[PDB]
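Presented below is the structure to which this report refers.
Computation of the quantities below employed the complete heavy-atom set of this structure, encompassing side-chain atoms and omitting hydrogens, waters and symmetry-equivalent molecules. Chain naming here is simple, since letters A, B, ... match the order of the sequence lines and numbering starts at 1 in each.
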Amino acid sequence: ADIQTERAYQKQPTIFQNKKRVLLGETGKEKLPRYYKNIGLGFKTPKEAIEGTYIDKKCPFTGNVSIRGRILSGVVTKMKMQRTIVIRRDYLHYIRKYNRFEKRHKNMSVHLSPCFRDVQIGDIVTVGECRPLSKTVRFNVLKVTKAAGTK
Amino acid sequence: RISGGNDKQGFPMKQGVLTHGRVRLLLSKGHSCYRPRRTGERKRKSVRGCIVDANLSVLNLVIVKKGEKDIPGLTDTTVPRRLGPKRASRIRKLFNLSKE
Amino acid sequence: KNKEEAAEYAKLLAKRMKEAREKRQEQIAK
Amino acid sequence: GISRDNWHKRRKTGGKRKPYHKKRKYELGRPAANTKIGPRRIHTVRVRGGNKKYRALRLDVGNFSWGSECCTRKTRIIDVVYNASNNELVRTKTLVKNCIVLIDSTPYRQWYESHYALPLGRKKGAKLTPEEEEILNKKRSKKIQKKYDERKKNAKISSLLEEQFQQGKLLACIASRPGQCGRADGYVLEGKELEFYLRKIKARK
Amino acid sequence: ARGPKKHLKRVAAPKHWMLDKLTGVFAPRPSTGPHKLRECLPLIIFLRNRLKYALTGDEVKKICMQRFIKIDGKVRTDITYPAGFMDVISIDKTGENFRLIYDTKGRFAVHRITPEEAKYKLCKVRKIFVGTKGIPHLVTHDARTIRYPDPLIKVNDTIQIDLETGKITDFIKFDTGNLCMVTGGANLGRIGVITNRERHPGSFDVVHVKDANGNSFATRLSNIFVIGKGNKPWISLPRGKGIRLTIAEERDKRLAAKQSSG
RNA sequence: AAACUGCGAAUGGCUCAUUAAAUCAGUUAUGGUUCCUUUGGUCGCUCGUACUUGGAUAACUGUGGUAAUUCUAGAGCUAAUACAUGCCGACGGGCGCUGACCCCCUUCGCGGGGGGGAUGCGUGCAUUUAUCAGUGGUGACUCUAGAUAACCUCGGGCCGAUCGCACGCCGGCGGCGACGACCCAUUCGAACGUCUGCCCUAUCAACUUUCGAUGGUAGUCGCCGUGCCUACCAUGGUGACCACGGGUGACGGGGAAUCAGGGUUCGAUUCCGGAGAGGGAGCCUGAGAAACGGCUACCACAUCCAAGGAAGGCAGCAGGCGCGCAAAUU
């Protein structure tokens, strides 16, 4: 697919893609190295990140974002922006006078890289905290676990 | 040479102001008609324009070239010329002395 | 002082890497 | 004055946020440095911490790099032809980061010809003046001519860059923010990026 | 508040200074220096409250301005100078030397050391970095920078600085079986042998320490300071050897001391 | 003494108007920034008048103007760690790029090379941009260090024309300080983020999306991350788990009163954090202020005046009036 759907050229800023080509420099292939990094904390770089072609500067694996801070989990509830999803974290808040709990939830707008295709509503996502990416986004989707019902 | 003055209300004459009456300027460090009381302070002050007119309480004049006849107490007087050069280079330049 | 410190650290570094290379070679052999 | 705070912004729920303090100095903004092309005019700005920002107001020279040949040269900026953010920036000819410009190819061609024995361009196909054959052919020894011939084989230029050199101006992208550092530096467009920006410039006419 | 604060309230001061709640509104705000505000001991507190050499801050000022106090071998005339862990305070007029070392209660002790021990100190290396033509540099807990350190010295180790020259003489690695003090937290002032280190990537590592009396405790890796190689300290320990007694044992010892004394 | 210069005046003190995920508390992050000062390191690392350079200006002398102010104007001097210039060394070199030249081998059978070598250009560290390779470090860098090609701001970056004490030769050398300047080190911080938590109200049920509302791309601005602000694009974002609106005699917390176990009520108030200085707004200086015992304007109030003009900000300590049921010494 064409990765150049923007008014400006999309590229990985750390990759030089027009190193000089000559007869010896080209033998039936142009070649294009792919910048990717191994984020920490045991998270493995998805295969599509390594062998993909998308340009996403907020992607944890091939972009310019450092995963540091809280590592949370949520359930995907809305996928209707570009490269951003809304997940819902459900918890119980303890009211002490009644010695009981009440259901509460918080929505979280988190960045989803193009490396995670086939993400559905109800999927569980492990997200990691990064620097502010937009007005409301501060977490990047690190891992996707499909909801029970995969067959 | 006309070196300024004060109008009927005592406000000083400022060089750049090309009007006849008084104006209000936001003076700061490095301006005349203003001494700042703290670093970075600027004040709005009234200054008389530089053009000379018939509404000055006093006008200052500097005799640049002296005429034929001496003024009784302005040009025939003596001079004490207090103080002398303090920097070594200024001294050796005043007396045309060798570098060593 | 710069010259003396640089020379002394060069000596110490050379000795450190010699010991490291010896340990590496002896680990490889066994 | 110009404020970069967030409490004037609506909440993410759509709620309206009331102001609890007046504007702070560290939240300030400044007027844009609309860096036009012209004789060098740069204004120094005192910024937070006492440091200096170089608010360039006019520039006509930049340190642009030919990446494939690794040839960085100081070069006159002729024009600005494409701007991805706003089209009005090309109309007013404002130097900003990532704006596509036409720069002068002369220093690059001089280095190009000092690394001699490439395919013919304007070297003998557009200009045949003297005072430059003593830097093209000269009287070379065995070692020197052998080294130049060893350069010759791996010495080629993309046809797009070739016609750009023929026309006297090169397409470049400004990789520095002239309104902050005071320099309009960048790199010559090549490869697929050059094709992309040529197609974008063509589609604008 | 605009700009930095310049005052410290008496009640908001660090508790381990052991200041009253009636001898004024303010506590001496320690100057900026090699040690943190809440982990230091100002020179006025040491000279007046601890050693009783002065009864007022004016007398501390007189003592310090007569150039009688050396801190790590250098004369300090700043009465609010932040002196901290492992530092050496020399008073040559009275011919004494002290080391700033925590009690088991978490408070800097008046720990006199020999004049030959006052020639060195121990510093925990906070970071190591290569700069400016590849010269290695090391930054310790005294905010002192040492160029060309041994390529074996790493972060969390301990180095013995010669105060006269400022150069490194010896070092102790951070490893199990090594003696260490705790320099923060609940176990502050305790001494023991490192038994384990739980690595928590992206978070704080936890180090387990076993006392000389079989007691065990844990701290954060930033709260551990390697004191000696093996179970032998490289510095003289305070009266209690880092053994935190329970309240019952302390009461029993106090009662025994009362019986022996009266 | 005065004055120029440096520093502080951004702390403290007062008050609780605003403020309802705002502030604030606990937790965490800056690998997204700045940081006077202290402390430690760096500070002949640059191959291109110096046994000390220039012009002023205060204080002072003298002449003045205005009813009036911590208003100031001419004139005669004279200083610098103010201001502004600007070198000798180590400087012998050393390296990288360039290439007028000199002895030979494939049995010197064009061809293929094996080396030496003249003159020229560039060179610390900052900075800005492109490229290259892979010392030390992290959970993780597009980190650190290294290499190359160039750049290097009229408003221009550092690489000391400063000062004291003790001192001895044909002239040489040199102790201990003071002060100052880039930069690196989180010392004191500040700023902006993460997670969770806040009173009453539905006689407030849908709100936001025009003029940014949610996100994407490029930029501008900013100390930096960011719809922070622009341009283009997508149609998003929040809500009965109470969004949005309204009320609060609401600054938040530590905490206080009362209390069998639960709880109820309070917290303007000495500690921490925030905010404000009659109300708004905008700035200068500075490391740090949108400062008010700083300035500029407007709105309200208000002082002196010779009507031309000048000056103001007690929610600092006392004190006064007013207000009140309600609170002290000029």
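Aromatic ring centres of A:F101 and A:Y94 lie closer together than 6.0 Å.
Within the nucleic acid shown, D:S3 comes within 4.0 Å of sugar-phosphate atoms alone, with no base atom in reach, counting heavy atoms only. Looking at heavy-atom distances under 4.0 Å, D:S176 makes contact with sugar-phosphate atoms alone, never a base. Contacts of E:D78 with the nucleic acid, taken as non-hydrogen atoms under 4.0 Å apart, are absent. Residue-level contact check: D:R17 touches the backbone only, with heavy atoms under 4.0 Å from sugar-phosphate atoms and none from bases. Counting any heavy atom pair closer than 4.0 Å across all strands shown, A:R68 reaches a base atom. Residue-level contact check: D:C181 touches the bases, meaning some heavy atom is under 4.0 Å from a base atom. Residue E:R2 is classed as a base contact, given a heavy-atom separation below 4.0 Å to a base.
Both geometric conditions, a ring-centre gap below 5.5 Å and a plane tilt below 30°, are fulfilled for D:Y54 over the base of F:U153.
For the consecutive nucleotides F:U264 and F:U265, the six-membered rings of the bases sit within the stacking limits of 5.5 Å between centres and 30° between planes.
When B:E41, B:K43, B:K45 are each tested for a side-chain hydrogen bond (donor to acceptor under 3.5 Å, both in side chains) with B:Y34, only one passes: B:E41. Partner of A:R88 under the side-chain contact (heavy atoms from CB on, under 4.5 Å) criterion, out of A:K106, A:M108, A:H105: A:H105 alone.
Under the 4.5 Å side-chain criterion, counting only non-hydrogen atoms from C-beta, A:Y35 is not in contact with A:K11.
Within the 4.0 Å cut-off from OP1 or OP2 of F:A73, not a single side-chain nitrogen or oxygen of B:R48 is found.
Atoms CD1 (A:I55) and P (F:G216) sit 16 Å apart, rounded to a whole Å.
Nearer to the 5' terminus of RNA chain F, by closest-nucleotide assignment, is the contact made by A:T62 (compared with the other of D:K97 and A:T62).
For F:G282, the base is anti relative to its sugar; the glycosidic angle deviates from 0 by more than 90°.
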